[PDB]
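Asker: Got a structure for you, start33.cif, holding mmCIF, N, CA and C atoms and all ligand atoms.
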```cif
data_query
loop_
_atom_site.label_atom_id
_atom_site.label_comp_id
_atom_site.auth_asym_id
_atom_site.auth_seq_id
_atom_site.Cartn_x
_atom_site.Cartn_y
_atom_site.Cartn_z
N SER A 7 97.44 64.72 106.21
CA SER A 7 96.76 65.61 105.27
C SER A 7 97.67 66.78 104.83
N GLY A 8 97.30 67.45 103.73
CA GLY A 8 98.06 68.58 103.22
C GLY A 8 97.99 68.80 101.72
N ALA A 9 98.18 70.06 101.28
CA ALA A 9 98.15 70.37 99.86
C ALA A 9 99.21 71.41 99.43
N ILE A 10 99.51 71.50 98.12
CA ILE A 10 100.33 72.55 97.54
C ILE A 10 99.37 73.54 96.83
N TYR A 11 99.55 74.85 97.04
CA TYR A 11 98.72 75.86 96.40
C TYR A 11 99.60 76.72 95.50
N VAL A 12 99.55 76.48 94.18
CA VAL A 12 100.37 77.20 93.20
C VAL A 12 99.49 77.75 92.11
N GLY A 13 99.58 79.07 91.82
CA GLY A 13 98.70 79.68 90.82
C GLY A 13 97.23 79.42 91.10
N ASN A 14 96.47 78.90 90.12
CA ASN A 14 95.09 78.55 90.35
C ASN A 14 94.95 77.02 90.46
N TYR A 15 95.88 76.39 91.20
CA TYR A 15 95.87 74.93 91.36
C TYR A 15 96.03 74.50 92.83
N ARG A 16 95.40 73.37 93.21
CA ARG A 16 95.52 72.73 94.52
C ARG A 16 96.04 71.31 94.21
N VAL A 17 97.23 70.94 94.73
CA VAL A 17 97.79 69.63 94.49
C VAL A 17 97.66 68.84 95.78
N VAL A 18 97.02 67.68 95.71
CA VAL A 18 96.81 66.84 96.89
C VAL A 18 97.15 65.40 96.54
N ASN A 19 97.27 64.54 97.55
CA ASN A 19 97.40 63.10 97.30
C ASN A 19 96.08 62.63 96.68
N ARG A 20 96.14 61.83 95.60
CA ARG A 20 94.89 61.38 94.93
C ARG A 20 94.01 60.59 95.89
N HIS A 21 94.64 59.75 96.73
CA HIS A 21 93.87 58.92 97.67
C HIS A 21 93.14 59.72 98.77
N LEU A 22 93.50 61.01 98.96
CA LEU A 22 92.88 61.88 99.98
C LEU A 22 92.04 63.02 99.35
N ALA A 23 91.86 63.01 98.01
CA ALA A 23 91.10 64.08 97.35
C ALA A 23 89.64 64.06 97.87
N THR A 24 89.09 65.25 98.20
CA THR A 24 87.72 65.41 98.73
C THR A 24 86.70 65.40 97.58
N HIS A 25 85.36 65.40 97.88
CA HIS A 25 84.36 65.48 96.82
C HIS A 25 84.55 66.81 96.06
N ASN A 26 84.81 67.91 96.77
CA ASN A 26 84.99 69.21 96.11
C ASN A 26 86.15 69.18 95.08
N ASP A 27 87.25 68.42 95.35
CA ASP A 27 88.40 68.29 94.42
C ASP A 27 88.00 67.60 93.11
N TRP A 28 87.18 66.54 93.22
CA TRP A 28 86.74 65.82 92.04
C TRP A 28 85.74 66.67 91.22
N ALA A 29 84.92 67.49 91.91
CA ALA A 29 83.98 68.43 91.27
C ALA A 29 84.64 69.62 90.59
N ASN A 30 85.97 69.79 90.75
CA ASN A 30 86.70 70.90 90.13
C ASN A 30 88.07 70.37 89.63
N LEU A 31 88.07 69.17 89.03
CA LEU A 31 89.26 68.45 88.58
C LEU A 31 90.03 69.06 87.42
N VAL A 32 91.38 69.12 87.53
CA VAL A 32 92.25 69.57 86.45
C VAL A 32 93.02 68.36 85.87
N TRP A 33 93.62 67.54 86.74
CA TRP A 33 94.42 66.41 86.29
C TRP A 33 94.63 65.46 87.46
N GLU A 34 94.68 64.15 87.19
CA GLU A 34 94.92 63.14 88.21
C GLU A 34 95.66 61.96 87.60
N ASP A 35 96.52 61.33 88.40
CA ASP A 35 97.27 60.17 87.95
C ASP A 35 97.40 59.17 89.10
N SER A 36 96.65 58.08 89.02
CA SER A 36 96.67 57.02 90.01
C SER A 36 98.09 56.45 90.23
N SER A 37 98.84 56.24 89.13
CA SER A 37 100.19 55.67 89.24
C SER A 37 101.15 56.57 90.04
N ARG A 38 100.86 57.87 90.16
CA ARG A 38 101.70 58.79 90.95
C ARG A 38 101.08 59.21 92.30
N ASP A 39 99.82 58.81 92.57
CA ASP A 39 99.07 59.21 93.76
C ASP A 39 98.90 60.74 93.78
N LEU A 40 98.74 61.40 92.59
CA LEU A 40 98.53 62.87 92.58
C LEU A 40 97.16 63.25 91.97
N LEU A 41 96.58 64.35 92.46
CA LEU A 41 95.34 64.93 91.94
C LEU A 41 95.49 66.44 92.06
N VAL A 42 95.14 67.15 91.01
CA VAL A 42 95.20 68.60 90.95
C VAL A 42 93.81 69.13 90.68
N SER A 43 93.34 70.05 91.51
CA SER A 43 92.04 70.67 91.32
C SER A 43 92.20 72.20 91.12
N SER A 44 91.17 72.88 90.59
CA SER A 44 91.26 74.32 90.35
C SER A 44 90.81 75.09 91.59
N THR A 45 91.31 76.31 91.76
CA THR A 45 90.95 77.13 92.91
C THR A 45 90.50 78.50 92.42
N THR A 46 89.65 79.17 93.20
CA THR A 46 89.21 80.52 92.84
C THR A 46 90.31 81.54 93.14
N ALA A 47 91.02 81.34 94.26
CA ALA A 47 92.08 82.24 94.65
C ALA A 47 93.45 81.75 94.20
N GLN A 48 94.39 82.68 93.99
CA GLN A 48 95.73 82.33 93.55
C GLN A 48 96.58 81.90 94.75
N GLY A 49 97.32 80.80 94.58
CA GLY A 49 98.23 80.24 95.57
C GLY A 49 99.62 80.81 95.45
N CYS A 50 100.42 80.68 96.52
CA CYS A 50 101.74 81.32 96.53
C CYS A 50 102.92 80.39 96.67
N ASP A 51 102.71 79.07 96.65
CA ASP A 51 103.81 78.14 96.73
C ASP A 51 104.61 78.21 95.41
N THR A 52 105.91 78.09 95.51
CA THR A 52 106.78 78.02 94.32
C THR A 52 107.26 76.58 94.19
N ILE A 53 107.07 75.96 93.01
CA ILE A 53 107.52 74.61 92.73
C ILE A 53 109.03 74.70 92.40
N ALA A 54 109.82 73.81 92.98
CA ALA A 54 111.25 73.75 92.68
C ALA A 54 111.42 73.21 91.26
N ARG A 55 112.38 73.78 90.50
CA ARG A 55 112.70 73.27 89.15
C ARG A 55 114.19 73.03 89.26
N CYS A 56 114.54 71.80 89.65
CA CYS A 56 115.90 71.44 90.01
C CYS A 56 116.09 69.89 90.12
N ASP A 57 117.30 69.45 90.49
CA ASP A 57 117.56 68.04 90.73
C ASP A 57 118.04 67.79 92.15
N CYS A 58 117.80 68.73 93.10
CA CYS A 58 118.17 68.54 94.52
C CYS A 58 117.83 67.14 95.04
N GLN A 59 118.72 66.63 95.89
CA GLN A 59 118.47 65.38 96.60
C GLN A 59 118.57 65.58 98.13
N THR A 60 118.56 66.84 98.61
CA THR A 60 118.51 67.14 100.04
C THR A 60 117.44 68.21 100.23
N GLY A 61 116.69 68.08 101.33
CA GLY A 61 115.58 68.98 101.59
C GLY A 61 115.06 68.80 103.02
N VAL A 62 113.92 69.38 103.31
CA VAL A 62 113.31 69.33 104.64
C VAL A 62 111.85 68.97 104.47
N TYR A 63 111.34 67.99 105.25
CA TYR A 63 109.90 67.64 105.09
C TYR A 63 109.15 67.79 106.39
N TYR A 64 107.82 68.03 106.30
CA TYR A 64 107.01 68.16 107.49
C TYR A 64 106.41 66.79 107.82
N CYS A 65 106.53 66.39 109.11
CA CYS A 65 106.00 65.12 109.60
C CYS A 65 104.92 65.40 110.67
N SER A 66 103.65 65.36 110.26
CA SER A 66 102.56 65.70 111.17
C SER A 66 102.51 64.81 112.41
N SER A 67 102.83 63.51 112.27
CA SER A 67 102.87 62.57 113.41
C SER A 67 103.92 62.86 114.48
N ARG A 68 104.82 63.79 114.20
CA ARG A 68 105.80 64.20 115.20
C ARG A 68 105.77 65.72 115.43
N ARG A 69 104.89 66.47 114.70
CA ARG A 69 104.85 67.94 114.69
C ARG A 69 106.26 68.51 114.46
N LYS A 70 107.02 67.90 113.51
CA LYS A 70 108.40 68.32 113.30
C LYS A 70 108.78 68.30 111.84
N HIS A 71 109.66 69.23 111.46
CA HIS A 71 110.24 69.26 110.14
C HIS A 71 111.59 68.56 110.28
N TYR A 72 111.92 67.69 109.32
CA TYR A 72 113.16 66.96 109.37
C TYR A 72 113.98 67.20 108.12
N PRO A 73 115.29 67.41 108.28
CA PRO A 73 116.16 67.47 107.09
C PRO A 73 116.41 66.04 106.61
N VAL A 74 116.36 65.84 105.30
CA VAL A 74 116.57 64.50 104.73
C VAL A 74 117.36 64.54 103.41
N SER A 75 117.99 63.38 103.07
CA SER A 75 118.57 63.05 101.77
C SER A 75 117.52 62.12 101.13
N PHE A 76 117.21 62.33 99.84
CA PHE A 76 116.19 61.51 99.16
C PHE A 76 116.62 61.08 97.80
N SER A 77 116.11 59.94 97.35
CA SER A 77 116.47 59.40 96.06
C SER A 77 115.86 60.16 94.86
N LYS A 78 116.34 59.93 93.62
CA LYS A 78 115.74 60.58 92.45
C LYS A 78 114.35 59.97 92.16
N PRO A 79 113.41 60.68 91.52
CA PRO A 79 112.07 60.07 91.26
C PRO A 79 112.19 58.81 90.42
N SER A 80 111.54 57.74 90.87
CA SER A 80 111.66 56.41 90.28
C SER A 80 110.34 55.60 90.39
N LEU A 81 110.26 54.47 89.65
CA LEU A 81 109.13 53.57 89.72
C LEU A 81 109.49 52.59 90.87
N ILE A 82 108.77 52.67 91.99
CA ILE A 82 109.05 51.90 93.21
C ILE A 82 107.85 51.02 93.58
N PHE A 83 108.10 49.76 93.97
CA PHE A 83 107.01 48.89 94.37
C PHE A 83 106.48 49.32 95.73
N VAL A 84 105.17 49.51 95.82
CA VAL A 84 104.52 49.90 97.06
C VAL A 84 103.52 48.82 97.45
N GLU A 85 103.56 48.37 98.70
CA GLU A 85 102.69 47.34 99.28
C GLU A 85 101.21 47.70 99.14
N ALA A 86 100.35 46.68 99.07
CA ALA A 86 98.91 46.88 98.98
C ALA A 86 98.41 47.56 100.25
N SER A 87 97.50 48.51 100.08
CA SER A 87 96.89 49.22 101.20
C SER A 87 95.36 49.25 100.97
N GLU A 88 94.63 50.02 101.79
CA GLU A 88 93.19 50.20 101.57
C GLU A 88 92.93 51.09 100.35
N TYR A 89 93.97 51.86 99.86
CA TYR A 89 93.79 52.82 98.78
C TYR A 89 94.21 52.34 97.41
N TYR A 90 95.23 51.46 97.34
CA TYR A 90 95.69 50.88 96.06
C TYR A 90 96.04 49.41 96.22
N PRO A 91 95.90 48.59 95.16
CA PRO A 91 96.49 47.23 95.23
C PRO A 91 98.03 47.36 95.19
N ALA A 92 98.78 46.26 95.46
CA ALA A 92 100.26 46.30 95.43
C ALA A 92 100.66 46.66 93.99
N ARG A 93 101.45 47.74 93.80
CA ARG A 93 101.74 48.22 92.45
C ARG A 93 103.05 49.01 92.39
N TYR A 94 103.52 49.37 91.16
CA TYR A 94 104.67 50.28 91.08
C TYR A 94 104.12 51.66 91.04
N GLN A 95 104.55 52.50 91.98
CA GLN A 95 104.16 53.90 91.96
C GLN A 95 105.29 54.64 91.24
N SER A 96 104.94 55.47 90.27
CA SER A 96 105.95 56.21 89.51
C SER A 96 106.26 57.58 90.14
N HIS A 97 107.38 58.19 89.73
CA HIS A 97 107.83 59.52 90.19
C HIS A 97 107.95 59.61 91.75
N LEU A 98 108.31 58.50 92.40
CA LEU A 98 108.42 58.46 93.87
C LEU A 98 109.88 58.56 94.33
N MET A 99 110.10 59.29 95.44
CA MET A 99 111.45 59.46 96.01
C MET A 99 111.42 58.94 97.44
N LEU A 100 112.44 58.16 97.88
CA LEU A 100 112.46 57.69 99.26
C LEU A 100 113.54 58.36 100.07
N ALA A 101 113.31 58.47 101.36
CA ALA A 101 114.28 58.97 102.36
C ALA A 101 114.15 58.10 103.62
N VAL A 102 115.19 58.10 104.45
CA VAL A 102 115.12 57.43 105.73
C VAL A 102 114.47 58.44 106.68
N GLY A 103 113.29 58.10 107.16
CA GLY A 103 112.57 58.99 108.07
C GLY A 103 111.25 58.43 108.51
N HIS A 104 110.64 59.06 109.53
CA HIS A 104 109.34 58.62 110.01
C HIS A 104 108.20 59.08 109.13
N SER A 105 107.27 58.18 108.94
CA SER A 105 106.04 58.41 108.24
C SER A 105 105.07 57.44 108.89
N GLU A 106 103.81 57.81 108.91
CA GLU A 106 102.76 56.91 109.36
C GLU A 106 101.47 57.38 108.76
N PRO A 107 100.44 56.50 108.63
CA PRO A 107 99.15 56.97 108.11
C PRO A 107 98.65 58.21 108.87
N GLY A 108 98.44 59.28 108.09
CA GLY A 108 98.07 60.63 108.50
C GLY A 108 99.10 61.67 108.04
N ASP A 109 100.32 61.22 107.72
CA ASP A 109 101.39 62.13 107.30
C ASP A 109 101.36 62.50 105.80
N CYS A 110 100.52 61.80 105.00
CA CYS A 110 100.47 62.14 103.57
C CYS A 110 100.04 63.61 103.39
N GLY A 111 100.66 64.28 102.46
CA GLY A 111 100.37 65.68 102.19
C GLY A 111 101.38 66.65 102.75
N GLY A 112 102.24 66.17 103.66
CA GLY A 112 103.31 66.99 104.19
C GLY A 112 104.28 67.42 103.10
N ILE A 113 104.67 68.72 103.09
CA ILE A 113 105.56 69.19 102.04
C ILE A 113 107.02 68.83 102.23
N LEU A 114 107.69 68.46 101.14
CA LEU A 114 109.15 68.33 101.10
C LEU A 114 109.62 69.58 100.31
N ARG A 115 110.64 70.28 100.86
CA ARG A 115 111.14 71.52 100.20
C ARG A 115 112.64 71.53 100.18
N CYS A 116 113.20 72.16 99.12
CA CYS A 116 114.63 72.37 99.03
C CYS A 116 114.85 73.91 98.93
N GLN A 117 116.10 74.35 98.61
CA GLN A 117 116.32 75.79 98.47
C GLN A 117 115.52 76.42 97.32
N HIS A 118 115.06 75.62 96.35
CA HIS A 118 114.39 76.14 95.16
C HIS A 118 112.86 76.20 95.26
N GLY A 119 112.30 75.61 96.34
CA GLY A 119 110.85 75.58 96.48
C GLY A 119 110.31 74.21 96.86
N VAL A 120 109.04 73.96 96.52
CA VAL A 120 108.42 72.67 96.82
C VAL A 120 108.88 71.61 95.85
N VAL A 121 109.31 70.48 96.42
CA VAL A 121 109.77 69.33 95.67
C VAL A 121 108.63 68.32 95.48
N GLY A 122 107.88 68.07 96.56
CA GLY A 122 106.80 67.09 96.48
C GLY A 122 106.07 66.96 97.80
N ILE A 123 105.27 65.88 97.93
CA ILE A 123 104.49 65.72 99.16
C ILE A 123 104.58 64.31 99.62
N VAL A 124 104.53 64.08 100.95
CA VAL A 124 104.53 62.68 101.48
C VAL A 124 103.40 61.86 100.84
N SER A 125 103.71 60.63 100.41
CA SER A 125 102.74 59.78 99.76
C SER A 125 102.81 58.33 100.25
N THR A 126 103.95 57.89 100.77
CA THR A 126 104.07 56.49 101.27
C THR A 126 104.89 56.45 102.58
N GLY A 127 104.80 55.32 103.29
CA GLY A 127 105.57 55.10 104.50
C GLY A 127 105.65 53.61 104.78
N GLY A 128 106.53 53.28 105.69
CA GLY A 128 106.71 51.90 106.13
C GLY A 128 108.17 51.56 106.21
N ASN A 129 108.54 50.66 107.16
CA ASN A 129 109.90 50.18 107.35
C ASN A 129 110.92 51.28 107.65
N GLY A 130 110.46 52.36 108.27
CA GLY A 130 111.35 53.46 108.62
C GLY A 130 111.76 54.31 107.42
N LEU A 131 110.99 54.24 106.35
CA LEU A 131 111.24 55.04 105.16
C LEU A 131 110.01 55.92 104.90
N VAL A 132 110.23 57.05 104.25
CA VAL A 132 109.14 57.92 103.86
C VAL A 132 109.26 58.14 102.36
N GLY A 133 108.14 58.07 101.65
CA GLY A 133 108.15 58.27 100.21
C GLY A 133 107.42 59.54 99.81
N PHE A 134 107.97 60.32 98.87
CA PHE A 134 107.41 61.60 98.43
C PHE A 134 107.06 61.53 96.94
N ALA A 135 105.86 62.01 96.61
CA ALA A 135 105.46 62.09 95.22
C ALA A 135 106.09 63.37 94.67
N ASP A 136 106.97 63.23 93.65
CA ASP A 136 107.61 64.42 93.06
C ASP A 136 106.60 65.26 92.26
N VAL A 137 106.76 66.58 92.26
CA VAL A 137 105.94 67.47 91.42
C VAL A 137 106.85 68.37 90.51
N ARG A 138 108.20 68.27 90.64
CA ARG A 138 109.13 69.13 89.87
C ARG A 138 109.08 68.97 88.36
N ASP A 139 108.51 67.90 87.85
CA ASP A 139 108.37 67.71 86.39
C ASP A 139 107.07 68.31 85.84
N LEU A 140 106.13 68.73 86.72
CA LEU A 140 104.82 69.27 86.27
C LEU A 140 104.99 70.73 85.99
N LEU A 141 105.68 71.04 84.87
CA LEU A 141 106.00 72.42 84.52
C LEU A 141 104.76 73.29 84.31
N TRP A 142 103.66 72.68 83.91
CA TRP A 142 102.41 73.38 83.67
C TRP A 142 101.81 74.00 84.93
N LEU A 143 102.21 73.53 86.15
CA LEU A 143 101.69 74.15 87.37
C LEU A 143 102.07 75.64 87.46
N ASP A 144 103.15 76.06 86.76
CA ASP A 144 103.68 77.42 86.70
C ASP A 144 103.04 78.24 85.57
N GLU A 145 101.91 77.79 84.97
CA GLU A 145 101.30 78.53 83.86
C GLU A 145 99.80 78.26 83.69
N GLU A 146 99.10 79.18 82.98
CA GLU A 146 97.67 79.14 82.64
C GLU A 146 96.78 78.43 83.68
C1 LIG B 1 100.41 52.21 104.62
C2 LIG B 1 100.81 53.67 104.34
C3 LIG B 1 101.23 53.83 102.89
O1 LIG B 1 102.41 53.82 102.57
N1 LIG B 1 100.25 53.92 101.96
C4 LIG B 1 98.82 54.09 102.26
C5 LIG B 1 98.22 55.27 101.53
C6 LIG B 1 98.49 55.14 100.03
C7 LIG B 1 100.00 55.01 99.77
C8 LIG B 1 100.30 55.02 98.28
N2 LIG B 1 100.66 56.19 97.78
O2 LIG B 1 100.25 53.98 97.61
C9 LIG B 1 100.56 53.80 100.53
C10 LIG B 1 101.92 54.13 105.27
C11 LIG B 1 102.63 53.32 106.09
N3 LIG B 1 103.39 54.14 106.84
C12 LIG B 1 104.19 53.77 108.00
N4 LIG B 1 103.26 55.46 106.51
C13 LIG B 1 102.36 55.42 105.57
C14 LIG B 1 101.90 56.73 104.98
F1 LIG B 1 102.69 57.74 105.28
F2 LIG B 1 100.71 57.06 105.40
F3 LIG B 1 101.83 56.70 103.65
ZN ZN B 2 116.20 72.26 94.61
#
```
Represent the structure contained in this file as structure tokens.
Answerer:
Amino acid sequence: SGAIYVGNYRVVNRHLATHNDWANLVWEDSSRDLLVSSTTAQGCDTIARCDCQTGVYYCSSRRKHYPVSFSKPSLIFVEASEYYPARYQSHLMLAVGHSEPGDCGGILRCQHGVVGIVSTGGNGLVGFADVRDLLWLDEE
């Protein structure tokens, strides 16, 4: 579990969005596994606006932050799960690292701010949904 809190927005994995998130919806994209809801209070996370490929992510299944190298956001085939059929997930970045069901929502960060959140796992790889292209999170 986990979310990004920026301005008047809450960014979560779409597959883990609560009833309250859908009742206060701003934007959602199944192909990226992202959902953004509105908040009453202002958030303080800063979204990275960069092309970094090295960062640190939080892994709840190990209670540890790990430094990683990760790929550029791409359309990657993801195996069928209880949440989606087998499909290409867009804007996804992979790194060599531990992930397991329960780790989605963990933040990946670089020197510039938040890069994205854990969204996939398997075969000793961890996948992060990028948020650096959502420039609108920094406004209105
Ligand atoms: C099966 C699950 C996963 O990748 N997904 C389930 C949830 C929906 C995902 C998607 N975005 O499409 C695919 C997974 C397997 N490992 C080892 N770690 C995970 C994870 F970290 F929980 F994501
Ligand atoms: Zn960066």
Asker: Tell me, as a short mmCIF file (atom, residue, chain, number, x, y, z; two decimals) with N, CA and C atoms, keeping the file's coordinate frame, which residues lie within 9 Å of residue 128 of chain A, counting only C-alpha atoms; anything in the same chain fewer than 5 positions away does not count.
Answerer:
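Written output follows (part-v8.cif):
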```cif
data_model
loop_
_atom_site.label_atom_id
_atom_site.label_comp_id
_atom_site.auth_asym_id
_atom_site.auth_seq_id
_atom_site.Cartn_x
_atom_site.Cartn_y
_atom_site.Cartn_z
N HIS A 104 110.64 59.06 109.53
CA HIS A 104 109.34 58.62 110.01
C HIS A 104 108.20 59.08 109.13
N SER A 105 107.27 58.18 108.94
CA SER A 105 106.04 58.41 108.24
C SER A 105 105.07 57.44 108.89
N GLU A 106 103.81 57.81 108.91
CA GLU A 106 102.76 56.91 109.36
C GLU A 106 101.47 57.38 108.76
N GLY A 133 108.14 58.07 101.65
CA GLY A 133 108.15 58.27 100.21
C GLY A 133 107.42 59.54 99.81
#
```
Asker: Using DSSP on the backbone, list every residue of chain A that comes out as alpha helix (DSSP H), and give them as a PyMOL selection string.
Answerer: chain A and resi 25-28
Asker: Could you tell me which of A:118, A:12, A:89, A:98 comes closest to residue 145 of chain A if we count only N, CA and C atoms?
Answerer: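 The closest residue to residue 145 of chain A is A:12.
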Asker: Point out the residue among A:72, A:63, A:94, A:142 with the least atom-to-atom distance to ligand LIG 1 (chain B), counting all atoms listed in the file.
Answerer: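 Going through A:72, A:63, A:94, A:142 one by one, the smallest distance to ligand LIG 1 (chain B) is for A:94.
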Asker: For segment 76-116 of chain A against segment 15-38 of chain A, with a cut-off of 6 Å and counting only N, CA and C atoms, what is the closest atom pair and its distance in Å to one decimal for every residue that makes the cut, ordered by chain and number, as a Markdown table?
Answerer:
```
| residue | atom | partner | partner_atom | distance |
| --- | --- | --- | --- | --- |
| A:94 | C | A:37 | C | 5.8 |
| A:95 | CA | A:37 | C | 4.5 |
| A:96 | N | A:37 | C | 4.0 |
| A:97 | N | A:38 | CA | 5.8 |
| A:111 | CA | A:19 | N | 5.7 |
```
